[PDB]
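Here we start with a single chain on its own, the form deposited in one PDB entry, put down as structure tokens.
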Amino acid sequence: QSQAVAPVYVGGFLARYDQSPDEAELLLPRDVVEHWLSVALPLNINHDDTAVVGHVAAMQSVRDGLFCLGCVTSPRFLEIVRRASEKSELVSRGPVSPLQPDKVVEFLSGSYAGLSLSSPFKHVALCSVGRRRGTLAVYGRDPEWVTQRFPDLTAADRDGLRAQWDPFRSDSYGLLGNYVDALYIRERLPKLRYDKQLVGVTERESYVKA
């Protein structure tokens, strides 16, 4: 069991420039960011400030939007997620060809398949889809394994990050309650099955379930 309640790294885009944000406010041009960039802005479930599970390791805008890495730590949340994946036929099926099963990672990769910003910079959030477009969450045990999952990324902005990287007041009832709300986010797969094409990431080489 011990190789499950160990940190989980999640990485991805919080904004996508070359993507006209069809929605309101969410619009977010590089223009602010650099300027916009101390505190310990945390990582929570769909924003609930009583469901935090770690920190936003580090951020750093690059040629194609804003990118960040988190680090799920909540020795309680991870503990729920584990026994959760205990009974999830998606989890029991496993990852692809060469990748190795990681129950705790696969679950998080599937229930919260995307990141969502909120802002200096309030916080980052794991959710079932992203407000913006192309903010697919990529989970992993190793942060760099994660980083190289996104074709775009050069070496620099990668080593930019590499020169950077139990707050859980919730429960199975919290998680049970957020899931119903997500089961109705209209055609969640598209917005999702779109984001993995937007940044390259695919099921052939990552845990992304989308």
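Sequential numbering from 1, following the sequence displayed. Between two forms, the rigid core is the largest collection of C-alphas that superpose within 1.5 Å. Residues that one form lacks are left out of the comparison.
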| query | finding |
| --- | --- |
| Unresolved deposited residues in the interval that joins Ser119 and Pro120 | 10 or more |
| Unresolved deposited residues in the interval that joins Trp165 and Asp166 | 10 or more |
| Of 51-59 and 28-36, the stretch whose C-alpha atoms average the higher B-factor in the entry | 28-36 |
| Which of 154-162 and 140-148 has higher mean CA B factor, as the PDB entry lists it | 154-162 |
| Position of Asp64 among the chain's modelled residues by C-alpha B-factor, lowest, middle or highest third | highest |
| Third assignment of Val208 from its chain's C-alpha B-factors | lowest |
| Third of the chain's Cα B-factor distribution that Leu41 belongs to, per the entry | highest |
| Third of the chain, ranked by Cα B-factor, where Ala84 sits | lowest |
| Ranked C-alpha temperature factor of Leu90 among modelled chain residues, by third | lowest |
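Beyond the structure shown, there is the form deposited in another entry, which is absent from this document and is the topic of what follows.
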query: Did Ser88 shift 2 Å or more between the shown form and the other one, C-alpha, core superposed; finding: no
query: Core-aligned C-alpha movement of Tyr179 between the shown form and the other one reaching 2 Å; finding: yes
query: Rigid core superposition, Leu99 Cα moves 2 angstroms or more between the shown form and the other one; finding: yes
query: Change in CA distance between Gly94 and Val105 in the other entry, which is 3 Å or more, as closer or farther; finding: farther
query: Distance trend in the other entry - C-alpha atoms of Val96 and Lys87, change of 3 Å or more; finding: closer
query: Structural rearrangement between the shown form and the other one, runs of 3 or more with C-alpha shift of 2 angstroms or more, core superposed; finding: 34-36, 92-99, 178-184
